[PDB]
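Below you'll find only one chain, the form deposited in one PDB entry, shown as C-alpha cells.
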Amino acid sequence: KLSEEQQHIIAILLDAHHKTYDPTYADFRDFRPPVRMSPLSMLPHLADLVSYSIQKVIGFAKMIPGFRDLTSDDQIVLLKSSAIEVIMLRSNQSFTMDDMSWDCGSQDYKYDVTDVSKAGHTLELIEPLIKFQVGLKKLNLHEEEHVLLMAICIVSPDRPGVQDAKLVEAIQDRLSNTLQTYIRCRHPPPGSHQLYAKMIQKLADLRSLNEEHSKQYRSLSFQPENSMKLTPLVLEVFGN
C-alpha cells in the first residue's frame, strides 16, 4: 500500500514533470514560425519544437531517482534512444480527440495531421502515431501514472548500447513497482483494469513507432538541404 519511498518517487516525478512541461507553451513563440501556406513548410517549426522537446525530456530524465547514479555513457544511450518515444508520450497532454490534433494554446500552435505531413511525413508514419495518441488518451491515466510511464520508458534495460543493464533494470523495477502499487491503491475500477498491461503495451507500440519514425529521419536528414534546416541538438541526439 505505497511505502514512504514510493510516495517520495511519485512526488519527485510530478515535480520534475512540472518543471519540464509548461501548459501555456509560452516558449513556442521563440521557435521559427510555422508555415501552412510549400513542401516541408512545417519542418523548421517542428524541428524546433522537437529540439525544445528533446531538452525538456533531458531535464526530466535527470530528476528520475537513481538515474544520476548511472554511468555517463549509459545516460547517453537511454536518452538518445528514448527521446523520440518520450516526446510522443509527453505530447499526449496536448493531444485532443476532438479534431485529432496537438493543441498548444492557440490555432497557430495547433498541429494536425496535415501539419505533420508538411514536415516530410507520410501516413505510414502518421496513421500509427495517431492510433497511439488515441489509445493512450483513452487510458485516462493519472498524472502520477503519466509521469511514471515516461520515466519507465527512459530507463529501459534492453536499449541497444546499454553497458550496465543490471543497474538500469534495477532503476526500472523500482519504478514499475511504484506504478503497479499505485494502480492498485489510487486507481479505482474500471480505471485500473489491466491498466498496467495496456501501459506496458503502449511501451511496445512506442518501440514500433521509434523504429518506423527513425528510418524516416535518416531519409530526411540524408538530404543536406533538409538537414540544413534542423537544429544542432536534434542532429546530435538523433544522429549525424
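C-alpha atoms forming the largest set that superposes within 1.5 Å between two forms make up the rigid core. Position 1 is the first residue in the sequence shown; the rest follow in order.
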item: Size class of the missing deposited segment between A204 and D205; value: none
item: Selected stretch [higher average CA B-factor]: 125-133 or 158-166; value: 158-166
item: Mean C-alpha B-factor comparison - 86-94 and 102-110, higher one; value: 102-110
item: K62, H187, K56, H45, ranked by C-alpha B-factor: the highest one; value: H187
item: Chain-relative CA temperature factor third for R32; value: middle
item: Entry-reported Cα temperature factor of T24, expressed as the chain third it lands in; value: middle
item: Chain-wide C-alpha B factor ranking for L220, given as lowest, middle or highest third; value: highest
item: CA B-factor placement of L49, once the chain's modelled residues are sorted into thirds; value: lowest
item: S81 CA temperature factor, ranked by third within the chain; value: lowest
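Quick note: we don't show the form deposited in another entry, though the next part is all about it.
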property	result
Out of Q180, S192, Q55, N210, the residue that alone shifts its CA by 2 Å or more between the shown form and the other one when the rigid core is the reference	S192
Cα distance between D108 and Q216, which in the other form differs by 3 Å or more from this form, closer or farther	farther
Relative Cα spacing, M97 and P190, in the other form - shift of 3 Å or more	farther
